[PDB]
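Those protein sequences? They're chains F and B, same order as listed. Sequential numbering from 46 applies to the first sequence in PDB author numbering. Sequential numbering from 46 applies to the second sequence in PDB author numbering.
Protein chains: 2
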Amino acid sequence: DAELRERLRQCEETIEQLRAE
Amino acid sequence: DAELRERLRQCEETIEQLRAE
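Structural data, given as structure tokens:
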């Protein structure tokens, strides 16, 4: 389940950054 | 992992919307 979990983690980080911008 | 995959799709849609905006 490493792949899906890391994909979701990266998506959450990118969403955070995009919302800040 | 079906819930994981649909959450991944939700995050993909969210990031797409954020990039467009």
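A virtual CB, placed ideally from N, CA and C, is assigned to each residue, including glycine.
8 angstroms Cβ cutoff, residue i in contact with chain B
i: F/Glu58; result: no
Residue i versus residue j - alpha carbon distance
i: F/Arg52; j: B/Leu53; result: 7 angstroms
i: B/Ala65; j: B/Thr59; result: 10 angstroms
i: F/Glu61; j: B/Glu57; result: 13 angstroms
i: B/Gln55; j: F/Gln55; result: 13 angstroms
Minimum Cβ-Cβ distance from residue i to chain F less than 8 angstroms
i: B/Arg52; result: yes
Cβ separation of residue i and residue j, assumed to be a contact under 8 angstroms, to the nearest whole Å
i: F/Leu49; j: B/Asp46; result: 6 angstroms
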